[PDB]
């Protein structure tokens, strides 16, 4: 005479919103990462598991040697396909309710699917072939592979393209604007703003190419990697071929040698590459913050906006700073996953399950940063007057070309002579010209050196920018 009790209730209260979320990835920045909610959330994971389970059953049906699962009629195929396509938050809630009993999420998916097909006698007939011979990780690893492939193609690389193109566009806009370079933070041989942008774009494109080349791997092969259960029931089926077909049919590259888990090395490869690109963008964010500090760039201001609570005058590079901070966090999460995921005790331990729930987290921080950098870039206005005025107060940078021309034409101790003239000393255009005048150089060379200025001492910068891409 057991009476109704509610230990199994799965209740989503009204407590969670972007205002009360602990993580800013779902809180303050929840709107910037909305693409990931369909991919890396518990809903997204459940949805991919359902897809993989349905596809597995469908392959068993279509395989001629598995006689106990007859080929499905159009009607049946459509009902299964709709389970996948129309998978809802209510469906997810059903699975969560079942898990309150099973304390096992994939077995809950299995029981959810057995409940789903109960009313269609043709599907109900093959109900015990749902999850046939599979281990939970057969379902999970393929789900994660599909999640990462989706994220890469639909979210990550499109943002990388916007950043590369945006920075390439700064290179073009500013191709011929001279810049007093800084090495060790000190005035050095001039470049152009555009050439400094070109360098970054070039670095980013290398990683873009590498991210596309990373293999996304998947496996399907039973409890510990050897098709034991498959062969026990169907010794005459070539499960090794079946596996390769199934994985590749999902658009995933096949990993034939595994334990219970797919080993996750490809995740470390994907994430090492995202992290390199993020590091390039940290470098860019910091450099631009620095060019803004030097007044080489001004930033556009927006009506109603407030720069500082106390200092009315402030216009700050806040978008680059937000980006820089989130890329740090992204990398910290990505590095942890990359280092930790590929170590699993013996034929596996379960530490990777909770950690893999965080795939979207590391990626989330990065997406938030990408959008911020993009915002900050749209506000940049180059300060040509400042750039040129600074160059015009740094005539000592012509010590290099003077000493190099002197070397060409056999003057004794050229470097040493210019060190004497300039190191720790203020020398202006007249000072540099008088020095050139006293040199034993051919007149045409003297004329060339007297015609140089810090602002035109830019070497091949403009042509480099023109040759990019």
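Positions refer to the first chain, counted from 1.
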(request) Using only the Cα atoms and their B-factors as the entry lists them, report which of 11-19 and 450-458 averages higher. (result) 11-19
(request) Would you mind comparing 460-468 and 2-10 for me and telling me which has the higher average C-alpha temperature factor in the entry? (result) 2-10
(request) Using the entry's values, work out which of 321, 283, 305, 272 has the largest Cα B factor. (result) 305
(message) Quiz for you: based on the deposited Cα B-factor, which of 357, 144, 345, 116 is highest?
(response) 116
(message) What third of the chain does residue 112 rank in for C-alpha temperature factor, lowest, middle or highest?
(response) highest
(message) Based on the deposited C-alpha B factors for this chain, I'd like to know if residue 361 is in the lowest, middle or highest third.
(response) middle
(request) Pull the Cα B-factor of residue 149 out of the PDB entry and bin it into the chain's lowest, middle or highest third. (result) middle
(request) Would you please rank residue 194 by its C-alpha temperature factor against the other modelled residues of its chain and give the third it falls in: lowest, middle or highest? (result) lowest
(message) What third of the chain does residue 210 rank in for C-alpha temperature factor, lowest, middle or highest?
(response) lowest
